[PDB]
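In: Here's my sequence, what's the structure:
(3 chains)
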Amino acid sequence: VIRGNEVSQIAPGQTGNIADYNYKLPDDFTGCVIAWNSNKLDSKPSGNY
Amino acid sequence: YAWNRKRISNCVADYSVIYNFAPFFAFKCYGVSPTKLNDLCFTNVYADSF
Amino acid sequence: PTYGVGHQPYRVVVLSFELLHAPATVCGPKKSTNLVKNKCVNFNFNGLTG
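Out: Numbers count the residues shown, from 1 in each chain, chains lettered A, B, ... in the order given. The relevant structure is shown in the block below.
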């Protein structure tokens, strides 16, 4: 699970916060990335932590 | 029809804090790459808003 | 849930594939055909088409 600003960082040859410190993809990566919104299940009004 | 225009000069520019300012999907750029904005650097930055 | 659409949660599943170098273990729904030899035929060996 990530936020919407970092979905574009799930790509080969990307540099930032997620792609450098959390999840790094290879340069010759093959495969697919499936990202969908989950505001119904992963959000709480008191704060998801 | 009356879009704003602002000079940016004589400062250090961190482009990773912009993601903490507005909830935009993508940082669309034409002549540069948004991952490489922190390394190389410019002369003049003009900020326009409408 | 009150944040903007750029700050909303996103579930990401990455499906990474390995190209054919080992024996094939996972293969999709296609029926098998009996082998014919010494004839000019259009073959299909685990995605290898010729």
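
In: Could you give me the buried positions within the strand ranked longest in chain C?
Out: Ranked by residue count and defined by DSSP state E, the top strand of chain C is strand C:9-16. For strand C:9-16, burial by neighbour count (16 or more other Cβ atoms under 10 Å in any protein chain shown) applies to C:9, C:10, C:12. To be clear about C-beta, it is placed using only N, CA and C from the backbone, and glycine gets the same treatment.

In: In chain B, which residue sits nearest chain A?
Out: Closest approach between chain B and chain A, counting by Cβ to the nearest Cβ: residue B:35, at 4.1 Å.

In: Quick check: phi and psi at that residue.
Out: According to degrees, to the nearest 10, the main-chain angles of residue B:35 amount to phi -70, psi -20.

In: Count the residues that sit near the closest residue to it other than its chain neighbours.
Out: Residue nearest to residue B:35 in three dimensions, not counting chain neighbours: residue A:15, with 4.1 Å by Cβ to Cβ, 6 or more residues apart in numbering or on different chains. Neighbourhood size, residue A:15 [other Cβ atoms under 10 Å in any protein chain shown]: 14.
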